[PDB]
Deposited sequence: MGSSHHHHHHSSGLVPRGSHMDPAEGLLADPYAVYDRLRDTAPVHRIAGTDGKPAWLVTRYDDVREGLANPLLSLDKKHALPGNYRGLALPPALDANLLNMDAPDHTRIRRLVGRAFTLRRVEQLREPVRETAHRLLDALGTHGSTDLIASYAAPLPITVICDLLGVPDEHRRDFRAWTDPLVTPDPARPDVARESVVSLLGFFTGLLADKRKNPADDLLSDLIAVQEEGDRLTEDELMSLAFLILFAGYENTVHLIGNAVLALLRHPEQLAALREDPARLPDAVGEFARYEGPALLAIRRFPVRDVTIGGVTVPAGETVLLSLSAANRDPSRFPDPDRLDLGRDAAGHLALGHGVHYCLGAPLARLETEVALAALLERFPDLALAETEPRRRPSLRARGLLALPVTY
């Protein structure tokens, strides 16, 4: 198999695959067959190809499992095509305009500074547990309007569902149940007494109840793991590239423009959401049968030397315009401006506060995954 070693060395396998097998039939972790696509042109076109459906009603009967969810949560943007997708995305997109997100800038900054306050002046931390993880989940709580007194429960429910322990799935199942009950109650509360928050705004245009519920769940889960690991991956990348770290420490005004190249170089999503051809589709010379499972590799596309010369180099001078880390076409990340704001703010606050930031260890601690590029821990000194 040209894809041997994919779990251990994704980027090395992608280099082999683009040259030898750029649309390659693999076995996924559950052993169901899927098509892995590694070339930039094929991934970009695929993301925008309306014949590649996100709706699993288009999946070959018997061919696709995925995850186990109450059917209210099937009404979600990343299991949906036009016109349904077009309708819901328009309503919620109001929330994430460059200006509505920009107003969160001071509160995001306040949250990040309160997390670093807990580190003191010198010592050691796991930056994932102390900084990269809590920041995005606080921001999501503030955006949705999760009352402060519920946040300890909310965090305890959310953690287990971010990479569910595949040997002990009971905690992850009781987490989904708990959040459904929680969100049902919170929506009722806001319906009876509107507050200044996203869920109160979504209730107003109420959007079926299932659709509201699906937006609460998808904004939570799309908004959490990816943001944690864009931040974490960017810190590791900086601490591994001293000349780049120096460039940013010196001229912090460059951070916003550098976010693009962090995402191209070490974005958190190796793979897009699975897609299903609505009929037989040719992708880079390979006819993929209708209803089969297509995995477009965003990371493989972003490291394609035919689009990004010297792809394995972190270059804050690079034109990273056209990277696919936040997707492309009608499902382009709803959170993109808030993803950008959180990364800018987190990195600027950390660099300003900890001028002696260094890695504690010779080696990163990578989470083994076909779909996620992320760290189990990021031990640093300061």
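Student: Identify which parts of the deposited sequence carry no C-alpha coordinates, going from the N-terminal end onward.
Tutor: Comparing the full sequence with the modelled residues, the uncovered ranges come out as 1-21, 228-232.
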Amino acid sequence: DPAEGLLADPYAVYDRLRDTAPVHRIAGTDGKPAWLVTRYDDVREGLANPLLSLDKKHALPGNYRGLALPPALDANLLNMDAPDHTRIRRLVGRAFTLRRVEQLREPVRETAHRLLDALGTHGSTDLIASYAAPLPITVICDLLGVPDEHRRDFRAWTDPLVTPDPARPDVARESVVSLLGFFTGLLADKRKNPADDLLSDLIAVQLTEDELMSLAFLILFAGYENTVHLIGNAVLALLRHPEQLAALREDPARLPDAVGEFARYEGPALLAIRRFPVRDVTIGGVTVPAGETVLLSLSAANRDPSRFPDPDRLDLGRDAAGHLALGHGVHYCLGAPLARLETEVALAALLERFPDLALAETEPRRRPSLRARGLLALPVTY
From here on, numbers count along this sequence of modelled residues.
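Student: Quick one: higher average CA temperature factor, 34-42 or 59-67?
Tutor: According to the PDB entry, the answer is 59-67.
Student: Can you tell me whether 80-88 has a higher mean C-alpha B factor than 167-175 in this record, or the other way round?
Tutor: Higher of the two, by average CA B-factor, is 167-175.
Student: At the C-alpha atoms, which of 364, 374, 22, 10 reaches the highest B-factor in this entry?
Tutor: Spelled out: the listed residue with the top C-alpha B-factor is 364.
Student: Which one of 267, 160, 134, 223 shows the biggest C-alpha B-factor in the PDB entry?
Tutor: In the PDB entry, the greatest C-alpha B-factor among 267, 160, 134, 223 is found at 160.
Student: Taking the chain's C-alpha temperature factors as the reference, tell me which third residue 249 falls into: lowest, middle or highest.
Tutor: According to the entry, residue 249 has a C-alpha B-factor in the chain's highest third.
Student: By its CA B factor, does residue 353 count among the lowest, middle or highest third of the modelled residues in the chain?
Tutor: Middle third by C-alpha B-factor.
Student: Rank-wise, by C-alpha B-factor, drop residue 227 into the lowest, middle or highest third of its chain.
Tutor: Its C-alpha B-factor, which the entry lists for residue 227, ranks in the lowest third among residues of this chain.
Student: Thinking about Cα B factors across the chain, which third does residue 101 belong to?
Tutor: As the PDB entry reports it, the C-alpha B-factor of residue 101 lands in the highest third of its chain.
Student: Could you say whether, by C-alpha temperature factor, residue 335 belongs to the lowest, middle or highest third of its chain?
Tutor: Lowest third - that is where residue 335 ends up once the chain's C-alpha B-factors are sorted.
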